[PDB]
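Everything on this sheet refers to the single structure shown next.
Both backbone and side-chain heavy atoms feed into the values below; hydrogens, waters and symmetry mates do not. Below, read A as the first sequence line, B as the second, and so on, with proteins coming before strands; counting in each chain starts at 1.
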Amino acid sequence: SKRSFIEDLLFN
Amino acid sequence: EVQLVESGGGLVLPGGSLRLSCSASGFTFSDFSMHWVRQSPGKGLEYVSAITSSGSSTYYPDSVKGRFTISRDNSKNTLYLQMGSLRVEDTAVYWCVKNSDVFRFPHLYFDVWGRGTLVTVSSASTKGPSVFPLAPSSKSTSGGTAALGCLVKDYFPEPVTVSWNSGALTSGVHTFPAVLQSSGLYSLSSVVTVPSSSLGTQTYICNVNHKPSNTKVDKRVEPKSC
Amino acid sequence: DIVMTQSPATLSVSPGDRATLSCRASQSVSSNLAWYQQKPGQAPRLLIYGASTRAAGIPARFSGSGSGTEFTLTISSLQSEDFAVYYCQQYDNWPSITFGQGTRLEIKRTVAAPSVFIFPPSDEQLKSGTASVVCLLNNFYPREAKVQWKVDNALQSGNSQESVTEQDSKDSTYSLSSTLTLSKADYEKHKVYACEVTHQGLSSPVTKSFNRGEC
């Protein structure tokens with residue numbers, strides 16, 4: 001999902 | 001409304017393992033990242049794990065890495081925290097916490113919290129409470145009002161929950177901080193002030209629950225003839 | 001890591017007045033800061049996010065301000081219900097976050113004398129071999145109160161424990177519970193059990209007593 005991608009950017 | 005309902009916890013041996021659970025309702029669980037946040041003396045509030053909306057990534061502070069594992073099942077709308085190699089320092093209240101939508105970036109804040117689970121790391125054994133009435137009498141009345149209560153004695157570890165009349169009675173209740181007895185067991189009292197006039201028509205029952213020992217006691221508190 | 005430092009550790013403010021709570025970040029967090037209100041035994045409740053945006057459903061008298069390293073929470077027209085510990089939190093490095101250590105906000109009120117009650121031990125407990133006598137001090141202010149246990153008018157020491165409640169969210173009072181615990185055999189060796197209570201709100205001490213044979 002769109003949210004998962006942005007959250008991955010923040011988690012990594 | 002939105003809710004986070006926490007289950008699990010209680011007493012665990014040093015070096016032992018424990019899984020906490022948190023079920024979500026009232027919102028789209030799979031849209032939001034979640035944190036576990038713990039609270040204990042000295043360290044105060046501090047997060048111990050974080051996971052993305054899909055579970056795609058996790059984030060841990062150095063203190064718990066390799067020991068704590070966060071995970072989620074968005075099919076059952078449930079967040080988990082697997083706690084291993086538990087330490088004396090890991091005793092804390094553990095909060096399930098929901099983040100705001102990541103589309104609000106940079107403002108990713110905690111808008112919904114569960115009710116917390118107290119995890120007690122200790123090699124001692126669990127012990128359920130004895131519950132004794134604090135009966136109303138001429139020695140606990142004043143000005144038309146009467147005090148009564150329950151003494152919840154000799155349990156370990158914390159916490160006990162106390163309600164009155166299955167939650168129908170909340171006004172005028174004082175449930176006190178527990179004291180630590182020289183035995184290492186806890187004792188607590190819970191009291192309520194009610195009309196003196198209705199002691200003969202109303203029924204007062206303290207509901208006591210000690211989840212670490214799975215001890216649940218309802219004690220009816222009757223007036224004493226003095 | 002980013003260290004959040006709150007001040008003061010505690011403050012005591014009268015109802016209707018304005019409380020000022022401070023939070024300092026060890027390095028700039030822009031406006032990536034939230035405030036939470038936590039009453040004892042409850043979850044923290046979000047008040048403000050983005051340093052200064054009030055969360056939905058939060059009373060207007062809560063106001064946040066600041067940017068960079070110096071942040072302020074202002075509570076106007078203070079109510080007894082505003083008793084709590086207030087935390088700031090930076091989320092500038094989210095999902096890595098840190099909290100301040102909290103500021104405990106205590107509500108001033110007028111002096112209130114305790115109502116004093118005493119509870120003889122239950123028959124359930126006596127059959128088990130123990131006697132706990134409980135003295136209850138209800139709804140007083142300030143917090144400072146002294147309880148003395150007297151058994152046959154002899155002052156007791158070393159066989160009692162007490163605890164005080166958190167401040168009451170409705171009337172800003174305190175209550176105190178004190179338990180005197182004796183073995184059954186020692187309980188049955190005396191007649192008069194009393195607690196004597198001293199408090200600023202009482203002109204003279206208040207004594208509640210019973211005789212072991214009467215209750």
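- Highest contact tally toward chain C, considering only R104(B), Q181(B), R115(B), is held by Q181(B) [criterion: heavy-atom pairs under 4.5 Å].
- A salt bridge does not link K224(B) with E214(C): none of the charged nitrogens is closer than 4.0 Å to a carboxylate oxygen.
- Nearest heavy-atom pair, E162(C) versus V179(B), reported as atom, atom and distance to 0.1 Å: O-CG1, 3.6 Å.
- By a heavy-atom distance cut of under 4.5 Å, not one residue of residues 199-207 of chain C is near chain B.
- Contact between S163(C) and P177(B) at its shortest, heavy atoms only, is OG-O, 2.8 Å.
- For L134(B), the parts lying near chain C are the backbone and the side chain together; criterion is any non-hydrogen pair under 4.5 Å.
- Of the possible donor and acceptor atoms, one in the side chain of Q161(C) sits under 3.5 Å from a partner among the backbone N and O of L180(B).
- Considering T165(C), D168(C), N139(C) in turn, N139(C) is the only one that fulfils the side-chain hydrogen bond (donor to acceptor under 3.5 Å, both in side chains) rule with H174(B).
- Here the side chain of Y36(C) pairs no donor or acceptor atom with the backbone of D111(B) at under 3.5 angstrom.
- Neither the backbone nor the side chain of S115(C) comes within contact range of chain B, judged by heavy atoms closer than 4.5 Å.
- Counting all heavy atoms, side chain and backbone alike, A135(B) lies closest to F119(C) at O-CD2, 3.3 Å.
- Note: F110(B) CZ to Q89(C) CD = 5.0 Å, rounded to the nearest 0.5 Å.
- No donor-acceptor distance shorter than 3.5 angstrom exists from the side chain of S122(C) to the backbone of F132(B), with no hydrogens or angles considered.
- The line from OH of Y59(B) to CD1 of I97(C) is 11.0 Å long, rounded to the nearest 0.5 Å.
- Taking all atoms of both residues into account, the shortest heavy-atom contact from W113(B) to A43(C) is CB-CB, 3.5 Å.
- Annotation for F117(C) and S142(B): closest pair CE2-CB, 3.9 Å, computed over non-hydrogen atoms.
- Of the atoms belonging to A147(B), heavy atoms from both backbone and side chain fall under 4.5 Å from chain C.
- Atom OG1 in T175(B) sits 9.0 Å away from atom CD in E166(C) (nearest 0.5 Å).
- Shortest non-hydrogen contact noted between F176(B) and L136(C) is CZ-CD1, 3.7 Å.
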